[PDB]
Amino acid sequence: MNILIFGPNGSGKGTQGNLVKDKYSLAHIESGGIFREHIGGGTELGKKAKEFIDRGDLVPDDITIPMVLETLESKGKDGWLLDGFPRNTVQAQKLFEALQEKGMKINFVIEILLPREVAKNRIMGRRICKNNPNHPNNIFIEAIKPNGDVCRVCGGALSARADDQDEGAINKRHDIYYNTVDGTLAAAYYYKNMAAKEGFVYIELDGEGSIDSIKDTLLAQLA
């Protein structure tokens, strides 16, 4: 099973990604990890890429795409979940042409849908418990609202994380994600629009439901 996943920050994408890569035994391949294996490990492509990075430029797509394809072929040989690439329509199209050339096939594309302002609030509304940071508390997700000012699990103190409160940072990432001209949504639609012509199934997940709720709907559809 080769699966591409798309979703904004605030959509719970990583959580769902992990449930999918576990049931199904996939290699989870994300954009960051690809660069490490290659730049870090100095494959022929990684050495060429690092020249760009070290002067503050982006790696050209003509180097990025084959870097991705190498990692899918090595790390992802027994099945992969590709997460966080492509981000735009040019990448998306070049990735798909490159997969077709290697005769590598997509089986599923998953998009987690959530309106922008909802995603941003779910990020900002996170509260971390002083006693156990795994305890879920969010001022904007009803089912896990804090108990007054304290953790709804253990009563410990709650704080906000500065990165969650940085609206500029959040907005710049959403601006790319929710860009329907040529951003990540446009890249997801590129897959959506050809799915049944190319023998894969596109799956839209409702990002507003609980973790367990999304996971059930997703599992149901992966067979």
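Residues carry their position along the shown sequence, with the first being 1.
Out of 141 to 149 and 127 to 135, which one has CA B-factors that are higher on average in the deposited record? 141 to 149 has the higher mean C-alpha B-factor.
Which of the two stretches, 32 to 40 or 188 to 196, shows the higher mean Cα temperature factor in the record? The deposited B-factors put 32 to 40 ahead on the C-alpha mean.
Using the entry's values, work out which of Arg87, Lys105, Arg116, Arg122 has the largest Cα B factor. Of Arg87, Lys105, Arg116, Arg122, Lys105 has the highest C-alpha B-factor.
Out of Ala169, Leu26, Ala160, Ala49, which one has a C-alpha B factor higher than all the others in the entry? Of the candidates given, the C-alpha B-factor peaks at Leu26.
Relative to the other modelled residues in the chain, which third contains the C-alpha temperature factor of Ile3: lowest, middle or highest? It belongs to the middle third of the chain when residues are ordered by C-alpha B-factor.
Ranking every modelled residue in this chain by its Cα temperature factor as given in the entry, which third contains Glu70? According to the entry, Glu70 has a C-alpha B-factor in the chain's highest third.
For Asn9, does the deposited CA B-factor place it in the lowest, middle or highest third of the chain? According to the entry, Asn9 has a C-alpha B-factor in the chain's lowest third.
Among the modelled residues of this chain, does the Cα B factor of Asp54 put it in the lowest, middle or highest third? Middle third - that is where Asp54 ends up once the chain's C-alpha B-factors are sorted.
Comparing against every modelled residue in the chain, figure out the third that the C-alpha B-factor of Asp164 lands in (lowest, middle or highest). According to the entry, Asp164 has a C-alpha B-factor in the chain's middle third.
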